[PDB]
Amino acid sequence: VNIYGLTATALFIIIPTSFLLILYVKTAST
Amino acid sequence: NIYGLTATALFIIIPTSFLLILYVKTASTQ
Amino acid sequence: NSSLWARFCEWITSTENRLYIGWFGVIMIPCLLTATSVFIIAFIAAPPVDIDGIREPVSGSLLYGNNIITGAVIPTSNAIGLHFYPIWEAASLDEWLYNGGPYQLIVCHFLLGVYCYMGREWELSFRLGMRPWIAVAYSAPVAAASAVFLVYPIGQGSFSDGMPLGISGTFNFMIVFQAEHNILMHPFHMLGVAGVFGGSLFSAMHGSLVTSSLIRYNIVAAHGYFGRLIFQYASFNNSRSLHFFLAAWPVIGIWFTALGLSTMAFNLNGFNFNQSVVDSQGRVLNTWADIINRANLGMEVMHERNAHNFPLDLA
Amino acid sequence: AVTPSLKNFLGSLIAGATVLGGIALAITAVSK
Amino acid sequence: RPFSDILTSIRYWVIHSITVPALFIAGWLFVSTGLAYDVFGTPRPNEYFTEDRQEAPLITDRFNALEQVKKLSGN
Amino acid sequence: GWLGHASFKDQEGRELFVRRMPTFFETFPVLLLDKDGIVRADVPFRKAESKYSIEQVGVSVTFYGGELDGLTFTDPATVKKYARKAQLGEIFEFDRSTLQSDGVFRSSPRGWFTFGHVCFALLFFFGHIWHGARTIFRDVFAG
Amino acid sequence: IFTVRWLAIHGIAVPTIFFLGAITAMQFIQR
Amino acid sequence: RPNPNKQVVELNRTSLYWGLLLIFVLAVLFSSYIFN
Amino acid sequence: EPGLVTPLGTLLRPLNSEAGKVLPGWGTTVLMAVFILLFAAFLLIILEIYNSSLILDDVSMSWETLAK
Amino acid sequence: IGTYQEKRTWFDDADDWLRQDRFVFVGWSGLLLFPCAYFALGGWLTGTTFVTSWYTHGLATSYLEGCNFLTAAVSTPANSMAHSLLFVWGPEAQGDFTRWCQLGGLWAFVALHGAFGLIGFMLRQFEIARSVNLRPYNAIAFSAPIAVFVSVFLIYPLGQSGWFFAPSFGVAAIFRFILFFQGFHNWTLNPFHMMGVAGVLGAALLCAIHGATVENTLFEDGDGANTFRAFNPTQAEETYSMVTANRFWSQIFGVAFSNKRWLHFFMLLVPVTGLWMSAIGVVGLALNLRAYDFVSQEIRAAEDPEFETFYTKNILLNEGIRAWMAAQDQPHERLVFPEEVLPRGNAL
Amino acid sequence: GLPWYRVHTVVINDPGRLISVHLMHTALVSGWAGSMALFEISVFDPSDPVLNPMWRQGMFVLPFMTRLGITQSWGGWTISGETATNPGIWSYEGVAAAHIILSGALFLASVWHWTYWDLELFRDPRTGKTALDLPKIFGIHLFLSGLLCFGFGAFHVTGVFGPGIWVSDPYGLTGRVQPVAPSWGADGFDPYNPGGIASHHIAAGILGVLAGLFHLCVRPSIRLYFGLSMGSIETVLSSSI
Amino acid sequence: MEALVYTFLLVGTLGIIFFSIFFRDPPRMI
Ligand code: CLA
Ligand code: CLA
Ligand code: CLA
Ligand code: CLA
Ligand SMILES: C=Cc1c(C)c2cc3nc(c4c5[nH]c(cc6nc(cc1[nH]2)C(C)=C6CC)c(C)c5C(=O)[C@@H]4C(=O)OC)[C@@H](CCC(=O)OC/C=C(\C)CCC[C@H](C)CCC[C@H](C)CCCC(C)C)[C@@H]3C
Ligand SMILES: CC(C)=CCC/C(C)=C/CC/C(C)=C/CC/C(C)=C/CC/C(C)=C/CC/C(C)=C/CC/C(C)=C/CC/C(C)=C/CC/C(C)=C/CC1=CC(=O)C(C)=C(C)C1=O
Ligand SMILES: CCCCCCCCCCCCCCCC(=O)OC[C@H](COP(=O)(O)OC[C@@H](O)CO)OC(=O)CCCCCCCCCCCCCCC
Ligand SMILES: CC1=C(/C=C/C(C)=C\C=C\C(C)=C\C=C\C=C(C)\C=C\C=C(C)\C=C\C2=C(C)CCCC2(C)C)C(C)(C)CCC1
Ligand SMILES: CC1=C(\C=C/C(C)=C/C=C/C(C)=C/C=C/C=C(C)/C=C/C=C(C)/C=C/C2=C(C)CCCC2(C)C)C(C)(C)CCC1
Ligand SMILES: [Fe+2]
């Protein structure tokens, strides 16, 4: 219920997802 | 504070990820 | 043209589908989807289930103060025993939830699904002109699942002794089983552990040797490397022999551990070595087996808090 | 001041040195 | 000297038939004469519980354990 | 603050001590034992019947020094609570309200530092292995 | 004669047979 | 001056799927412990 | 093509200039081995002192050393 | 003889002799591997055959005392020794041998010589790979067993009160160690152990599927039913159809491998990662950093007497294990638990 | 091109981008140090130093600063609970600000070094190729490390110029930052003897200076040079790890 | 709240599995 746990989970879900999407889009465009 | 912090984090992250994906798609083709 | 049934069987037995819907598939798919749906719905939200049959229920649902690790689908109530308990046999749906019907439904549909999955593996092996023994290898986890979910409840006389469908349920079941049967001291569990460790070892070794030999299909240099390393020249120089050994080891290990499980289902426990080394006068000397016995005794006293009422646990 | 533990440690060091020297002598002799 | 030639030679057989049983009887005597109980300190099946303690030993201090183990053993 | 040293004595006046909790045990039973070492009292688990219960033997607690200096409690509930709190060592007063404390112990920075650095060293061992292997076998790796 | 193969084989074999004899002897001591 | 040491990173769809699966599985496994 | 030139680069050029030069033969490897053996002995001494497996009269090997 | 064509010295002759091909490849690393491993095996055997544990643990663990293969071990030194290296010439043993073996030093001897043997074995793998001119992925794979051994037998006892809590080299001793971790550390609930067991089971699964798939997709390269004979090790043609296996596994499972190198690298990678994560978890346990309890569920159970989950039952089982086992597991505590304080199901 | 786990391999073959990247990492480390110092100072409660010390409140970097002399704060409180007579420039906030400024300067230097990668310093005049004489670089850096170690041991810990290190009684009742006299006897190797730290640092600094001079003057042997791949940058990474 | 987070994580994992099974890169030249 703590804010720290929820925000850590959200960041861990989102940031690597964004990084992987960046790399995949770069690869697919090339 | 959970509502505001979560909203601010999402607003910072998601549109920036979208813009970065578009730019990386653009920059691949020189 | 062809009749309706001819077109239907042509479509079913077609290798052009994205996923092969075999004649075993026509049963595998509905059973597996039904089991998946019921499992998901019960895991997300389900009232506490009276596993022990002593009018005290335990909660295993996310909406009932649980998380992923401690959530589970509680086994069927002890009062039910081995009786068939479908939905239509309960007076009300809430009663079905209370007594623990979903566990029985999921177990039955899941066992049927895995059997038909093995059948479908054989079927698609046949339709593509392959040698049909992948299903034989797949039978080992199928046998283990059957022993865990079906044979042990049959031997113990109740479905409440089966494995709960949850992460903490697995650990509770393992602690229970070691307490009541001494799983660790059985030769078949030792063979299963040996099979699993050897499977990991051979997987790592084969991967490393093949990857290293894939220079700019395995060449004979890897065989020479292996012979030089462990002094076992000509032990494995045929690729077919090596891959057959890789397939055979873990499958045999899992077969034997599942057989040991099913054997203990009928109260044929493992080795017993407590009170073996005895002094000349007659005094008993403790051994590591005796410390294992002490741990089992500690596990057994807190096994069921308020279920037993007789000195000996015959059930 | 010298201590029996220190004396045993020095004895261990010289014993290990002798073992290493024996290994070196063996490999040197066998090599040529 | 392949292993086939090693097995075939009678000199190996005659020199091993005088040594293998010698080693076997050496081990049998080592157990039977009781030297194993002395060299390794394993208590004999009658001295596990001495009248002084009547219980399992418990070493207390590391530095003076040399005397403690022997006084506990009854030696 | 410090509640002072607690001394437990039975009805006969014999001095009793609580067996301190070893580091391994997350939960440890409380035992009142005499100077010799023989247990004289204990809490009967949770809902068990005992012949050496606190009230049956009549254990009393006296506090020397600290905030509760000079006091002497005889209520069995109070004696039991103070024995439970004294099996952990010296008795202290805590206010688990300002920070809404959970009540379970945490670890000092010593433990966290040790854990982090041992894990990092263990991973860097594999790092050294991999990079040394790449260096020694550069020719095969490159081509 | 005193090759490395001889050394390895005999170093693994002699204690093995000695310990086998020791175990066989220990099989008969009364408890 | 332009750098001769120029290269581009690639990540096929399989790698993307593997990474997404890995991060989501790690989140699933560790969420219970993080929330406590 | 020539690289960029800086007064600091000109000053520091001799340090990086002599690149790849080696001393023929085995050089001073024996001295290196002797120093390695000495360092290993020193490390063993330190580890044994700290482990209490090597007791010296002067050292105390405890917190009471801070009382000296 | 080298790049500049210089002379030859002692090192050159030693290198030529050591690397000479024979039945038993010695190599430079052999000088470390062979004696250390030999003495590790010898110590284990001579300890499980003659040496006892009566004075260190209060147990009888040897063939001489009457124990069989399953209940024989080389027990760890007494807790009084703490983290003493326990040399035969050390202050504890004062140079005596029978006291040293009786005092538990043989465990330390075996463990240390075995660890150095493992180091020598990895060095030997590196040497063989360099000699054959192959990438040394085998050493990278073998890194994980060394990590597990270091975490369990060296780092964990160092984090604890002494060598006494290290695993003892025996079957029943290992089972005791496993049950001890279950009872005290709640090792099943640690996520790192979960990841390790997932990796190990996945490695076994990969081995089984790879073997079955390869053996069930062979090309008809010969006559007769015995397919094993229809294989030439010198052939330059693939012995099984990758396309057929790919199609079969993509239609059965949904996803299938299409690259041999990636497949075999995945087989290499899964178990290594699993055991590395297990080693990290054990390192965490060495400092009592336990993933023992969930605070929310503990608070809910304390507040509500009707709240029961499998987690709470596991907690009760762990408490029972601890209380009923610590009486004889740890003699140095001299614990004497009255029968009325031992946790016990009141139903009887 | 390259997979996701080799993206940093493009820096292996040119020293300038290596300098820039190492500067970037050092700037990140310094920034983390400063930010953590500021955060812990914000959270710390110096009200009760006998029952609520720093280790009781989950302080991580604060004890490390306190160990070497930094005790006072700009807020008017000391770590011992006494009032701060004169905080001076070297306070907790001062140290954090200094670390942040250092991080920024290192970031700017990293940007500059990334922009200008082609420097004549890295090119050998014999062949005009980017090459680094690793033995001489190691000699220079070892000389610097030995000099710094000797300086820290002799002037800071000893208290000749610096404040000193933290010294406490065995039971941890009265501990303060005090100069220590180096102990050259056997007791200097007792880990609980503070003077051992000063003696070690002095001796190790002297030996490091000597070794740096040696490795700066004497060239490596050809057998050693080819055996350990002294011409490759990756062997240095393995040894350093 | 936490139950919703767990459900979202599981649903996302299942969606990733579905996309990987169906929207996969077609394999060529096996
Ligand atoms: C001094 C430390 C050091 C340095 C300078 C390097 C440098 C290098 N390594 Mg090595 N490595 C190290 C330590 C180091 N490594 C350690 C400790 C390990 C064991 C874990 C490895 C394991 C390793 C492997 C297995 C491989 C390398 C490779 C490489 C090269 C490319 C790395 C890359 O692009 O990653 C880019 C990385 C990313 C884009 C994502 C990484 C994300 C992870 C999860 C880290 C996340 C950030 C982290 C949380 C920050 C905290 C770090 C912590 C130390 C505080 C490069 C020469 C690769 C190579 O040479 O290929 C030819 C390669 O295959 N390294
Ligand atoms: C699992 C252990 C292990 C393994 C397999 C390797 C493997 C390797 N190392 Mg690494 N290394 C290790 C541990 C290991 N190292 C440790 C612990 C250190 C100290 C921090 C180092 C420091 C190190 C450096 C500095 C270098 C290497 C290098 C190398 C490579 C060349 C081989 C070599 O130099 O061996 C070295 C020898 C050994 C690892 C074993 C020697 C053991 C002897 C017998 C010492 C015994 C002392 C004594 C008997 C102990 C008694 C006391 C005890 C009770 C405590 C190779 C990839 C070199 C490299 O990659 O260059 C390209 C290199 O430059 N290593
Ligand atoms: C290469 C093989 C090898 C290796 C790596 C080891 C390694 C080890 N052994 Mg084993 N051992 C070996 C061979 C080996 N041994 C052989 C062949 C024997 C049969 C004799 C033994 C018999 C043996 C016993 C009986 C014991 C060990 C023990 C040990 C450990 C402590 C070693 C120690 O303190 O030495 C310290 C010494 C050195 C490391 C030598 C270094 C020499 C330095 C570099 C030079 C010093 C200068 C020189 C000595 C000049 C001295 C001058 C003087 C006059 C002042 C360690 C794990 C002990 C142990 O831990 O068991 C619990 C133990 O009790 N070993
Ligand atoms: C001159 C500039 C300077 C000064 C005075 C300080 C001062 C300080 N720093 Mg800062 N720092 C600096 C630069 C500086 N730093 C830079 C450039 C970085 C980026 C890398 C950092 C990153 C940093 C962090 C991340 C932290 C500090 C911390 C600290 C404090 C504790 C220092 C400490 O315990 O070190 C102890 C240092 C060591 C134990 C290093 C040991 C070095 C090893 C042993 C050398 C081994 C290799 C050697 C070359 C071998 C040869 C030896 C011999 C033969 C020559 C102190 C106030 C800490 C703090 O609490 O402040 C917030 C902290 O957490 N600093
Ligand atoms: C219990 C499980 C287990 C065992 C017994 C085992 C055993 C072995 N694996 C080896 C190799 C490997 N194992 C690998 C991966 C793995 N191995 C795994 C699990 C195991 N691996 C797992 C899970 C993996 C996945 C990562 C690889 C990648 C390799 C190899 O390359 C290597 C090989 O070639 O295999 C044939 C061999 C190394 C021989 C050696 O060190 O000689 C030297 C002898 C020494 C150092 C003496 C051992 C000293 C030990 C540590 C202490 C003494 C132990 C007692 C003597 C016995 C104790 C008895 C017990 C009951 C407690 C050996 C046959
Ligand atoms: C409501 C709901 C859904 C409730 C359920 C809640 C619930 C309990 C969820 C479970 C949570 C969960 C997922 C927990 C697991 C968490 C966990 C332990 C994570 C582990 C994380 C991790 C990092 C582990 C490290 C170890 C690791 C890398 C493991 C990976 C294991 C792994 C993926 C193994 C492979 C398994 C596998 C099926 C392989 C098949 C491969 C295959 C298709 C080969 C086919 C094939 C073979 C050939 O031979 C050839 C030739 C070809 C061509 C070919 O194709
Ligand atoms: C009737 C059957 C219905 C389907 C049954 C279920 C099928 C599930 C398949 C999932 C595959 C996911 C692969 C993604 C990534 C992906 O697309 O992989 C693709 C990969 C094939 O890659 P390639 O060989 O094409 O790669 C070529 C290289 O050049 C680049 O990778 O397949 C594998 O690696 C096999 C291993 C699968 C391992 C699957 C483990 C099980 C899933 C994880 C656990 C889920 C838990 C969920 C909890 C809620
Ligand atoms: C995830 C995680 C991790 C990691 C972490 C990290 C690594 C972090 C880092 C961090 C960092 C690394 C940070 C930094 C920061 C910074 C900040 C936050 C800020 C800043 C600000 C400012 C304001 C500044 C400014 C400036 C400068 C710089 C100087 C000059 C001037 C100027 C103004 C320009 C780990 C794995 C361990 C685990 C746990 C979790
Ligand atoms: C320790 C040491 C020492 C001594 C001695 C030694 C080194 C020894 C070794 C020894 C050894 C190394 C021994 C070995 C042994 C072996 C054995 C004893 C084996 C047995 C086997 C068996 C008995 C088998 C059985 C079986 C099988 C498995 C198969 C078939 C079936 C049956 C069951 C029959 C000294 C102090 C001087 C120094 C240091 C080190
Ligand atoms: Fe293969």
# chains A, B, ... in the order shown; residues from 1 in each chain; ligands from 1

call {"tool": "residues_near_ligand", "arguments": {"ligand": "ligand 10", "cutoff": "10 Å", "atoms": "only C-alpha atoms and all ligand atoms", "output": "PyMOL selection string"}}
result
(chain C and resi 203+206-207+209-211+217-218+239-240+242-243+246) or (chain J and resi 207+210-211+213-214+260-261+263-264+267)

call {"tool": "write_last_selection", "arguments": {"atoms": "N, CA and C atoms", "output": "compact mmCIF listing (two decimals), in the first residue's frame"}}
result
# COMPACT_ATOMS: atom_id res chain seq x y z
N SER C 203 23.00 -30.56 -19.94
CA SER C 203 22.55 -29.42 -20.73
C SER C 203 23.64 -28.36 -20.83
N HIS C 206 26.73 -29.81 -22.91
CA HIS C 206 26.44 -29.92 -24.33
C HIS C 206 26.34 -28.55 -24.98
N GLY C 207 25.66 -27.61 -24.32
CA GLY C 207 25.56 -26.27 -24.87
C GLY C 207 26.93 -25.63 -25.05
N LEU C 209 29.94 -27.08 -25.24
CA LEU C 209 30.78 -27.78 -26.21
C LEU C 209 30.33 -27.50 -27.63
N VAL C 210 29.02 -27.50 -27.88
CA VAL C 210 28.54 -27.26 -29.24
C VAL C 210 28.77 -25.81 -29.64
N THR C 211 28.49 -24.86 -28.74
CA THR C 211 28.68 -23.46 -29.07
C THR C 211 30.15 -23.15 -29.34
N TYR C 217 26.02 -30.88 -36.72
CA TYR C 217 27.01 -30.04 -37.39
C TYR C 217 28.27 -29.95 -36.54
N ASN C 218 28.20 -30.52 -35.34
CA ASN C 218 29.34 -30.48 -34.42
C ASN C 218 30.52 -31.22 -35.02
N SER C 239 26.89 -38.57 -32.61
CA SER C 239 25.95 -37.51 -32.25
C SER C 239 24.59 -38.08 -31.87
N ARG C 240 24.12 -39.09 -32.62
CA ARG C 240 22.84 -39.71 -32.30
C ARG C 240 22.87 -40.35 -30.92
N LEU C 242 24.82 -39.50 -28.39
CA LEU C 242 24.88 -38.44 -27.39
C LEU C 242 23.51 -37.83 -27.15
N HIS C 243 22.78 -37.52 -28.22
CA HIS C 243 21.47 -36.90 -28.04
C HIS C 243 20.47 -37.89 -27.45
N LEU C 246 21.15 -37.81 -23.79
CA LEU C 246 20.60 -36.57 -23.26
C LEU C 246 19.10 -36.69 -23.04
N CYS J 207 17.21 -30.14 -21.82
CA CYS J 207 17.96 -31.34 -22.16
C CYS J 207 17.04 -32.42 -22.73
N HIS J 210 15.57 -31.35 -26.22
CA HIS J 210 16.57 -31.37 -27.27
C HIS J 210 16.92 -32.79 -27.67
N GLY J 211 17.12 -33.66 -26.68
CA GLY J 211 17.44 -35.05 -27.00
C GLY J 211 16.33 -35.72 -27.78
N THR J 213 13.86 -34.38 -29.56
CA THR J 213 13.65 -33.77 -30.87
C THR J 213 14.74 -34.18 -31.85
N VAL J 214 16.00 -34.19 -31.40
CA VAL J 214 17.07 -34.60 -32.30
C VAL J 214 16.92 -36.06 -32.68
N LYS J 260 20.65 -22.93 -34.51
CA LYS J 260 21.31 -23.94 -33.68
C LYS J 260 22.20 -23.29 -32.63
N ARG J 261 22.95 -22.25 -33.02
CA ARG J 261 23.83 -21.58 -32.07
C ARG J 261 23.05 -20.98 -30.92
N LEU J 263 20.08 -21.90 -29.87
CA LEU J 263 19.50 -22.98 -29.07
C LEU J 263 20.52 -23.53 -28.07
N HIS J 264 21.71 -23.87 -28.55
CA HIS J 264 22.70 -24.45 -27.66
C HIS J 264 23.22 -23.43 -26.65
N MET J 267 20.66 -23.39 -23.94
CA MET J 267 20.88 -24.55 -23.08
C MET J 267 22.03 -24.31 -22.11

call {"tool": "residues_around", "arguments": {"residues": "residue 6 (chain L)", "least_positions_apart": "5", "cutoff": "10 Å", "atoms": "only C-alpha atoms", "output": "NGL selection string"}}
result
(:C and (44 or 62 or 67-68)) or (:H and (27-29 or 31-32)) or (:L and (1 or 11-12))

call {"tool": "residues_near_ligand", "arguments": {"ligand": "ligand 3", "cutoff": "6 Å", "atoms": "only C-alpha atoms and all ligand atoms", "output": "number ranges by chain"}}
result
D: 10, 12-14, 16-17; I: 37, 40-41; J: 32, 35-36, 86-88, 105, 108-109, 112-113

call {"tool": "write_last_selection", "arguments": {"atoms": "N, CA and C atoms", "output": "short mmCIF file (atom, residue, chain, number, x, y, z; two decimals), in the first residue's frame"}}
result
data_model
loop_
_atom_site.label_atom_id
_atom_site.label_comp_id
_atom_site.auth_asym_id
_atom_site.auth_seq_id
_atom_site.Cartn_x
_atom_site.Cartn_y
_atom_site.Cartn_z
N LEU D 10 56.52 -21.23 11.04
CA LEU D 10 57.75 -21.25 10.27
C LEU D 10 58.08 -22.66 9.79
N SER D 12 55.84 -24.90 9.08
CA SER D 12 54.92 -25.13 7.98
C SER D 12 55.41 -24.46 6.70
N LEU D 13 55.94 -23.24 6.82
CA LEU D 13 56.45 -22.54 5.64
C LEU D 13 57.61 -23.31 5.02
N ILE D 14 58.55 -23.77 5.84
CA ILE D 14 59.70 -24.48 5.28
C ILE D 14 59.27 -25.83 4.71
N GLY D 16 56.29 -26.46 3.28
CA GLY D 16 55.70 -26.16 1.99
C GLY D 16 56.74 -25.80 0.95
N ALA D 17 57.77 -25.06 1.35
CA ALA D 17 58.86 -24.75 0.43
C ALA D 17 59.57 -26.01 -0.03
N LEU I 37 56.36 -14.39 -3.93
CA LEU I 37 56.47 -15.31 -2.80
C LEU I 37 56.50 -14.56 -1.47
N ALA I 40 53.00 -13.36 -0.72
CA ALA I 40 52.15 -14.47 -0.28
C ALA I 40 52.44 -14.83 1.17
N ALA I 41 53.72 -14.87 1.55
CA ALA I 41 54.05 -15.15 2.94
C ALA I 41 53.50 -14.06 3.87
N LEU J 32 48.49 -28.33 -9.74
CA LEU J 32 47.57 -27.90 -8.70
C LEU J 32 46.36 -28.81 -8.59
N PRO J 35 47.15 -33.13 -7.08
CA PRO J 35 47.34 -33.40 -5.65
C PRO J 35 46.18 -32.93 -4.80
N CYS J 36 45.62 -31.75 -5.08
CA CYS J 36 44.53 -31.22 -4.27
C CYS J 36 43.29 -32.11 -4.38
N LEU J 86 42.32 -24.31 11.41
CA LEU J 86 42.44 -25.65 11.97
C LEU J 86 43.47 -26.48 11.21
N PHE J 87 44.68 -25.95 11.13
CA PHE J 87 45.79 -26.70 10.54
C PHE J 87 46.23 -27.81 11.48
N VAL J 88 46.87 -28.84 10.91
CA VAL J 88 47.38 -29.92 11.74
C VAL J 88 48.49 -29.42 12.65
N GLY J 105 39.35 -31.41 12.29
CA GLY J 105 40.12 -30.70 11.28
C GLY J 105 40.06 -31.34 9.91
N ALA J 108 37.91 -29.40 7.45
CA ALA J 108 38.58 -28.23 6.88
C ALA J 108 39.61 -28.64 5.84
N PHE J 109 40.37 -29.70 6.13
CA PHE J 109 41.33 -30.22 5.16
C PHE J 109 40.65 -30.56 3.84
N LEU J 112 39.13 -27.31 1.99
CA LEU J 112 40.12 -26.41 1.40
C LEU J 112 40.82 -27.06 0.21
N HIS J 113 41.26 -28.31 0.37
CA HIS J 113 41.91 -28.97 -0.75
C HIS J 113 40.95 -29.16 -1.92
#

call {"tool": "residues_near_ligand", "arguments": {"ligand": "ligand 2", "cutoff": "9 Å", "atoms": "only C-alpha atoms and all ligand atoms", "output": "NGL selection string"}}
result
(:D and (16)) or (:F and (125-126 or 128-136)) or (:I and (40 or 43-44 or 47)) or (:J and (29 or 31-32 or 85 or 87 or 112-113 or 115-116 or 118-126 or 139 or 143 or 146-147)) or (:K and (227-230 or 234-241))

call {"tool": "interface_residues", "arguments": {"of": "chain G", "to": "chain J", "cutoff": "9 Å", "atoms": "only C-alpha atoms", "output": "JSON, numbers by chain"}}
result
{"G": [4, 5, 8, 12, 15, 19, 22, 23, 26, 27, 31]}

call {"tool": "write_last_selection", "arguments": {"atoms": "C-alpha atoms", "output": "short mmCIF file (atom, residue, chain, number, x, y, z; two decimals), in the first residue's frame"}}
result
data_model
loop_
_atom_site.label_atom_id
_atom_site.label_comp_id
_atom_site.auth_asym_id
_atom_site.auth_seq_id
_atom_site.Cartn_x
_atom_site.Cartn_y
_atom_site.Cartn_z
CA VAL G 4 52.75 -41.25 -15.09
CA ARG G 5 50.10 -43.81 -16.06
CA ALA G 8 48.09 -42.73 -11.35
CA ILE G 12 44.24 -45.00 -7.13
CA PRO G 15 44.48 -47.49 -1.18
CA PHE G 19 40.24 -49.94 2.20
CA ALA G 22 39.45 -52.87 5.87
CA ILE G 23 35.71 -52.67 5.16
CA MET G 26 34.85 -54.29 9.74
CA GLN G 27 31.85 -56.24 8.43
CA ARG G 31 28.46 -54.91 18.22
#

call {"tool": "residues_around", "arguments": {"residues": "residue 6 (chain A)", "least_positions_apart": "3", "cutoff": "10 Å", "atoms": "only C-alpha atoms", "output": "MDAnalysis selection string"}}
result
(chainID A and resid 1:3 9:12) or (chainID B and resid 2 6) or (chainID H and resid 31 34:35) or (chainID L and resid 1:2 5)

call {"tool": "write_last_selection", "arguments": {"atoms": "N, CA, C and O atoms", "output": "short mmCIF file (atom, residue, chain, number, x, y, z; two decimals), in the first residue's frame"}}
result
data_model
loop_
_atom_site.label_atom_id
_atom_site.label_comp_id
_atom_site.auth_asym_id
_atom_site.auth_seq_id
_atom_site.Cartn_x
_atom_site.Cartn_y
_atom_site.Cartn_z
N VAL A 1 0.84 -1.19 0.00
CA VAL A 1 0.00 0.00 0.00
C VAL A 1 0.88 1.25 0.00
O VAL A 1 0.42 2.35 -0.30
N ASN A 2 2.16 1.06 0.33
CA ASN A 2 3.09 2.18 0.37
C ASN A 2 3.32 2.73 -1.03
O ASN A 2 3.29 2.00 -2.03
N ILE A 3 3.56 4.04 -1.10
CA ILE A 3 3.81 4.68 -2.39
C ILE A 3 5.11 4.18 -3.01
O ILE A 3 5.21 4.05 -4.23
N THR A 9 7.55 -0.45 -8.67
CA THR A 9 7.01 -1.42 -9.61
C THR A 9 6.67 -0.77 -10.95
O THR A 9 6.98 -1.31 -12.01
N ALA A 10 6.05 0.41 -10.90
CA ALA A 10 5.68 1.10 -12.14
C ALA A 10 6.92 1.46 -12.95
O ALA A 10 6.96 1.25 -14.17
N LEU A 11 7.94 2.01 -12.30
CA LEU A 11 9.16 2.37 -13.01
C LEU A 11 9.84 1.14 -13.59
O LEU A 11 10.30 1.16 -14.75
N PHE A 12 9.92 0.06 -12.82
CA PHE A 12 10.57 -1.16 -13.31
C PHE A 12 9.80 -1.76 -14.47
O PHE A 12 10.40 -2.40 -15.35
N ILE B 2 0.00 10.07 -3.53
CA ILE B 2 0.15 8.94 -4.44
C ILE B 2 -0.46 9.27 -5.80
O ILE B 2 0.14 9.01 -6.85
N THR B 6 1.99 9.69 -9.01
CA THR B 6 1.79 8.75 -10.10
C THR B 6 1.45 9.47 -11.40
O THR B 6 1.99 9.15 -12.46
N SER H 31 6.99 -8.52 -6.90
CA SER H 31 5.99 -7.58 -6.43
C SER H 31 5.50 -7.92 -5.03
O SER H 31 5.31 -7.04 -4.19
N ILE H 34 8.17 -6.78 -2.61
CA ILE H 34 8.32 -5.33 -2.54
C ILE H 34 7.16 -4.71 -1.78
O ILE H 34 7.36 -3.86 -0.90
N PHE H 35 5.93 -5.12 -2.09
CA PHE H 35 4.77 -4.62 -1.36
C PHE H 35 4.79 -5.09 0.09
O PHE H 35 4.36 -4.36 0.99
N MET L 1 -6.08 -2.72 -3.88
CA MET L 1 -5.09 -2.04 -4.71
C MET L 1 -4.01 -2.99 -5.18
O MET L 1 -3.76 -3.11 -6.38
N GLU L 2 -3.36 -3.68 -4.23
CA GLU L 2 -2.30 -4.61 -4.59
C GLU L 2 -2.82 -5.77 -5.42
O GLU L 2 -2.12 -6.25 -6.32
N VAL L 5 -2.88 -4.66 -8.89
CA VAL L 5 -1.54 -4.65 -9.46
C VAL L 5 -1.13 -6.05 -9.89
O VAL L 5 -0.57 -6.25 -10.98
#
